[PDB]
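Here's a solo chain for you in structure tokens, the form solved without the ligand.
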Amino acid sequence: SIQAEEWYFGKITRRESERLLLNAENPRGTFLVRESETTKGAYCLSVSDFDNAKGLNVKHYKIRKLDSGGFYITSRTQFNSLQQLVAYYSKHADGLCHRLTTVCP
């Protein structure tokens, strides 16, 4: 039940996710999951990053959900639940800007 998830922010806009994430106290990997503003059935994983090039910045990744059941950012790496997808990316950066570290305050 993704709505019970503390990292699930529900129906918030892309700009509002960036407002929350661009806080200086946030370390790399601070994240939240929200509904897509325009892709029915998809969610967006919003993640903070930091470098000397860009300073504090935010990346957005689309999480797809098949009616067949799997959740995924890349079709080659699927999960039975959004929760498992979050747990996997908390340990593997893979193609993300950073591994998921802390739930956005």
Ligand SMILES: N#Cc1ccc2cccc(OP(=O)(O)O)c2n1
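Take the two forms, find the largest set of C-alpha atoms that superpose within 1.5 Å, and that set is the rigid core. In this text, residue numbers run from 1 along the sequence as written.
When the other structures are laid on the shown form by the rigid core, the stretch among 18-26 and 85-93 with the greater C-alpha deviation in 6 other deposited structures of this protein turns out to be 18-26. Relative to the shown model and aligned on the rigid core, the C-alphas in 6 other deposited structures of this protein deviate most, among 29-37 and 52-60, for 52-60. Look at the C-alpha B-factors of 58-66 and of 32-40. On average they run higher in 32-40. The deposited model assigns a higher average Cα B-factor to 2-10 than to the other stretch when 96-104 and 2-10 are compared. Across the residues 77, 46, 26, 52, the deposited record lists the maximum Cα B factor for 52.
Another form exists, solved in complex with the ligand; not displayed. Remarks below refer to it.
The shortest heavy atom separation between residue 78 and the ligand in the deposited bound form exceeds 4.5 Å.
When contacts are judged by a 4.5 Å heavy atom cut-off, residue 44 counts as touching the ligand in the deposited bound form. Taking a 4.5 Å heavy atom cutoff to the ligand in the deposited bound form, the contacting residues in 16-55 are 34, 35, 36, 37, 38, 44.
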